[PDB]
Protein chains: 2
Amino acid sequence: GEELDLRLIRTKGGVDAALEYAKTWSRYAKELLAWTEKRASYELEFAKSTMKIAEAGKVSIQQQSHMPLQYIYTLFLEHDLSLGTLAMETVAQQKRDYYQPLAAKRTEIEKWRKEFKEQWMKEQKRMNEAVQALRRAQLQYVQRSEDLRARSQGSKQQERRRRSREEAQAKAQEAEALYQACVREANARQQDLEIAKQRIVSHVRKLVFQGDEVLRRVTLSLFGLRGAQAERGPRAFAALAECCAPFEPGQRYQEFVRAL
Amino acid sequence: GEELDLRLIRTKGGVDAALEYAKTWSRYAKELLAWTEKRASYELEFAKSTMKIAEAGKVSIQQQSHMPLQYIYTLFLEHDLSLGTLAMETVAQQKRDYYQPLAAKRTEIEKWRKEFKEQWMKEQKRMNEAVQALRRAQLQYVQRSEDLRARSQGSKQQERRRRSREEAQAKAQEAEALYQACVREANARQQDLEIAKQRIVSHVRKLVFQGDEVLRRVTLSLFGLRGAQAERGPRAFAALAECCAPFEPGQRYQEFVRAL
């Protein structure tokens with residue numbers, strides 16, 4: 001846990017690697033969300049289309065008299081309508097139990113990933129600013145040192161020489177104190193990048209754990225849902241096949257003749 | 001069997017009723033053939049469409065590393081491709097085991113129905129021709145009788161009167177023999193309509209028996225076929241759900257970090 005974050009904080013570009021893992025995870029959830037939604041749409045079209053013809057087949061068959069397997073085919077057409085109804089309900093429940101919690105967790109992970117990336121750019125910008133301020137302060141001290149040296153070659157003129165040496169020495173000491181304070185400030189920003197390093201990778205690991213928790217949960221519910229839908233098929237056809245056994249050819253024409 | 005044909009041959013319009021039953025039967029098989037064919041087309045579109053996205057989902061997922069439930073989703077996408085393949089094969093077998101033998105028996109029944117209708121029109125036309133010939137022969141005899149009477153009111157003139165009476169009497173006897181032969185011919189055509197009556201209804205009953213034999217057979221094979229297709233679903237989803245049990249959230253990110 002805390003050991004994993006350290007393995008990654010030791011790696012130069014661990015933050016970027018962790019942030020890249022989060023990008024990849026979100027695209028993966030995005031692709032999985034898009035495939036299920038496209039599949040659901042195709043199944044809605046299938047239910048809608050097969051239910052149109054099955055209903056038309058029902059209206060038609062129920063106006064017929066003494067037709068062979070008329071009741072079997074009425075049941076068969078009705079079974080198709082029930083499957084259609086089950087399909088539409090399954091799609092609606094999938095949009096609710098799968099699409100919504102996964103989509104919600106994904107957008108949450110994307111909002112946090114985008115935030116952490118900006119934070120990471122900010123802390124690195126602050127470090128480059130501290131290094132650049134330090135390079136200026138170093139070059140400033142070189143100049144003040146050069147200045148002091150120029151006033152250090154070797155009584156009205158003596159007092160003046162001493163004054164100019166003392167002033168250049170004060171400016172060389174202040175530019176020394178400044179460049180040294182810049183070293184410290186750059187060291188401070190360096191320790192700050194290490195606080196950010198741990199903070200970003202630990203949060204990215206906790207968010208991925210959470211995402212994986214939602215993904216397993218909604219996948220398990222999806223399988224249970226589609227499993228329940230797949231159960232309705234075999235018993236139906238075996239029952240319809242069993243209904244064929246007491247049918248005798250010509251019995252319906254014989255009923256027709258007797259009715260006439 | 002032969003008793004049913006008699007019940008119908010006693011009924012005025014039994015032939016027409018039997019021929020109408022055959023028309024209705026063919027339209028019923030036609031509607032059942034059209035519904036299965038339309039349904040099969042919708043299922044082909046469904047297989048084709050879902051197999052496009054499932055393949056694209058496969059190409060995509062197999063390029064990913066350390067993604068949660070990556071193997072589960074590869075299996076899930078692959079299952080969808082297998083169902084698609086099974087659907088296309090089921091449609092092809094339905095066109096072969098259901099559509100073709102039912103369509104072939106239907107067109108056979110329609111070719112025989114159309115023949116029997118023409119035969120029935122022909123035998124009835126022959127009867128109307130015999131009745132119309134009889135009505136003419138009856139009116140002809142009335143005229144010849146009137147003629148004879150006119151030559152029967154009451155020696156050169158006597159011999160002539162006797163000759164004209166004898167000739168009108170010969171013509172009245174020949175027109176009598178003709179109208180009587182027309183009664184017999186109409187009676188003959190009447191017995192001929194009764195031969196046609198039995199022949200047409202017995203053949204229509206045997207054709208309907210045959211049609212019912214093909215319909216039960218191909219329906220039973222259809223149910224067995226679709227029953228076999230419906231079996232592939234439940235075990236698949238319960239297995240996919242079982243695969244979720246050894247998955248631990250964050251394990252893949254942990255593998256990712258260790259690989260980096």
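Looking at B:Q93, is it within 30 Å of A:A22 (Cα to Cα) and surrounded by fewer than 17 Cβ atoms within 10 Å (Cβ to Cβ)? First the steps, then the outcome.
Details: within 30 Å of A:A22 (Cα to Cα): no; surrounded by fewer than 17 Cβ atoms within 10 Å (Cβ to Cβ): yes.
Answer is no for this residue.
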(message) Just the residues that are among the small types (G, A, S) and surrounded by fewer than 12 Cβ atoms within 10 Å (Cβ to Cβ), please, taken from segment A:131-169.
(response) A:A150, A:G154, A:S155
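Scanning segment B:32-44 for residues that are under 30 Å from A:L32 (Cα atoms) and more than 8 Å from chain A (Cβ to nearest Cβ), which turns out surrounded by the fewest Cβ atoms within 10 Å (Cβ to Cβ)?
Of all residues in segment B:32-44, those under 30 Å from A:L32 (Cα atoms) come to B:39-44.
Restricting the remaining residues to those that are more than 8 Å from chain A (Cβ to nearest Cβ) gives B:40-41, B:44.
Details: B:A40: 18, B:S41: 13, B:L44: 15.
Here the answer is B:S41.
Among the residues in segment A:28-49, are any closer than 30 Å to A:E248 by Cβ and part of a helix (DSSP H, G or I)?
Initial filter on segment A:28-49 (closer than 30 Å to A:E248 by Cβ): none.
No, every residue in segment A:28-49 fails to be closer than 30 Å to A:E248 by Cβ and part of a helix (DSSP H, G or I).
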(message) Just to verify a result, which residue in segment A:19-31, among those that are more than 8 Å from chain B (Cβ to nearest Cβ) and out of contact with any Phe, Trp or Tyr (no Cβ under 7 Å at 6 or more places or on another chain), is nearest to B:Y73 (Cα to Cα)?
(response) A:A29
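Go through segment A:9-18 and give me each residue that's within 7 Å of chain B (Cβ to nearest Cβ) and either more than 21 Å from the chain's Cα centre (by Cα) or not in a helix (DSSP H, G or I) (or both). It would help to see each step written out before you state the result.
Restricting attention to segment A:9-18, the residues satisfying the condition of being within 7 Å of chain B (Cβ to nearest Cβ) are A:11, A:17.
Of everything in segment A:9-18, just one residue is within 7 Å of chain B (Cβ to nearest Cβ) and either more than 21 Å from the chain's Cα centre (by Cα) or not in a helix (DSSP H, G or I) (or both), namely A:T11.
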(message) Can you tell me which of (1) out of contact with any helix residue (DSSP H, G or I) (no Cβ under 8 Å at 6 or more places or on another chain); (2) within 30 Å of B:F116 (Cα to Cα); (3) aliphatic (A, V, I, L, M) is the one B:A239 doesn't meet?
(response) (2)
(message) Residues that are closer than 22 Å to B:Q210 by Cβ and assigned to a helix (DSSP H, G or I): does segment B:77-85 have at least one?
(response) no
(message) Can you list residue pairs whose Cβ atoms sit under 6 Å apart, with the first residue in segment B:221-240 being more than 7 Å from every other protein chain (Cβ to nearest Cβ) and the second being in a helix (DSSP H, G or I) and of a type in the set (K, R)? Count only pairs 6 or more apart in sequence or on different chains.
(response) none
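Table: residues versus (1) touching a helix residue (DSSP H, G or I) at 6+ places or on another chain (Cβ under 9 Å); (2) within 12 Å of chain A (Cβ to nearest Cβ); (3) surrounded by fewer than 19 Cβ atoms within 10 Å (Cβ to Cβ).
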| site | (1), (2), (3) |
| --- | --- |
| B:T50 | yes, yes, no |
| B:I61 | yes, yes, no |
| B:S65 | yes, yes, yes |
| B:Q70 | yes, yes, yes |
| B:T74 | yes, yes, yes |
| B:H79 | yes, yes, yes |
| B:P101 | yes, no, yes |
| B:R106 | yes, no, no |
| B:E110 | yes, no, yes |
(request) Would you mind telling me which numbered condition in (1) under 30 Å from A:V218 (Cα atoms); (2) within 31 Å of the chain's Cα centre (by Cα); (3) exposed (fewer than 15 other Cβ atoms within 10 Å of the Cβ) B:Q124 fails? (result) (1)
(message) Go through (1) farther than 30 Å from B:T36 by Cβ; (2) within 9 Å of chain A (Cβ to nearest Cβ); (3) among the basic types (K, R) for B:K197 and report which single condition fails.
(response) (2)
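The numbers here are math on the coordinates, done by the rules we state, and not lab data. Cβ atoms come from the backbone with ideal geometry, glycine included; neighbour counts cover every protein chain shown.
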